[PDB]
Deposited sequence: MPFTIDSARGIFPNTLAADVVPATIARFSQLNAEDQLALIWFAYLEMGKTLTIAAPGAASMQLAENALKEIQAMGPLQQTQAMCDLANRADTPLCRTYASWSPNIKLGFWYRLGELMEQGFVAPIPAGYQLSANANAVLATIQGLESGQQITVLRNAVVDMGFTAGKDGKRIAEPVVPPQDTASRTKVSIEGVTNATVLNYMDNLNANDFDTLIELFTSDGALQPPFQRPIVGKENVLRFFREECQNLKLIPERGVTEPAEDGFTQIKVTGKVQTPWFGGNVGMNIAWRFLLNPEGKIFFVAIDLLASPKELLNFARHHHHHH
């Protein structure tokens, strides 16, 4: 009776920060140069209090040829290439960009941001004024908590263009692994999920899932089956820090158990400087395997 798509409804009182997809949808309506200017503005102002971590060396190497090609272009053509990405135009650059994992896309724009600051890539025109709709989108972004701001910016970047990923880091040494503690939750599957993800131990992590089980990242559709979920762990889930705090455990239909945990997560892009408020919603089968886990970005503290 449980389907993945029906399991999406467990713990319906959980208020997700759906202002994030709402804002992305508004952003996606904008003129391309407005999109690019808006992120430049948001990025400049955010950088006054938050520092982005440098892209990894492997990621920089993978994006290097594309970056070099843009830098060699004349200023008008550099701007056109960036507009192509924002417009999701079909071009060789846009197809290369689309083959990249999120971290490589993010590191590509990190470097273009440095080069625009230095004047070596064509900057946003001086004195540029955003459109009416764009100004309102930027205002909305600047009113969000930092965890929601960086999620808007990430999703905007990942949406550009029209599989290349970083190498997979070896799992953390067993002796140096730390274990989480969750108020009210001693469920071994949940604790093993948190601890193995915190150790980048994706091969152990995936064995917690049913063959047909699914993982639903914030504001995304469920990723279904062990092959696809493992691919997602390896491409996108390295070096996270999960800090679960508290939870609740309840029976579900057919001998299943449903568990909701709240806490914080840190991305390696910002470390301890941005703590995202997160809920995990687990649906476990009678053997304790993960049939479904959703990860939600919460609308505020006071969803924790």
query	finding
Coordinate gaps, deposited numbering	1, 164-170, 313-323
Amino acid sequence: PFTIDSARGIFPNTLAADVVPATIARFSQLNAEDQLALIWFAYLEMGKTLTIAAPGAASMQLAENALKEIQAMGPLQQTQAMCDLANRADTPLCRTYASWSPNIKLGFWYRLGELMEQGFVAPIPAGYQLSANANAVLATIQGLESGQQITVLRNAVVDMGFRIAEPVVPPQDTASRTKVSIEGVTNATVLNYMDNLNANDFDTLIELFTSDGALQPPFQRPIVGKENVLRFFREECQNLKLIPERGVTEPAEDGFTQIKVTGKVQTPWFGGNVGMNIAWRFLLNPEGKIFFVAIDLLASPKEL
From here on, numbers count along this sequence of modelled residues.
{"property": "Stretch with the greater mean C-alpha B-factor as recorded in the entry, comparing 234-242 against 249-257", "result": "249-257"}
{"property": "173-181 versus 221-229 - greater average Cα B-factor per the deposited record", "result": "173-181"}
{"property": "Out of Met194, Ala139, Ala86, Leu76, residue topping the C-alpha B-factor column of the entry", "result": "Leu76"}
{"property": "Candidate residues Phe120, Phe108, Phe209, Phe202, the one whose C-alpha B factor the record puts highest", "result": "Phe120"}
{"property": "Ranked C-alpha temperature factor of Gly143 among modelled chain residues, by third", "result": "lowest"}
{"property": "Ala299 - Cα temperature factor, lowest/middle/highest third of chain", "result": "middle"}
{"property": "Chain third (lowest, middle, highest) by recorded CA B-factor, residue given as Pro102", "result": "lowest"}
{"property": "Relative C-alpha B-factor of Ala279, binned into the chain's lowest, middle or highest third", "result": "lowest"}
{"property": "Third of chain Cα B-factors occupied by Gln71", "result": "highest"}
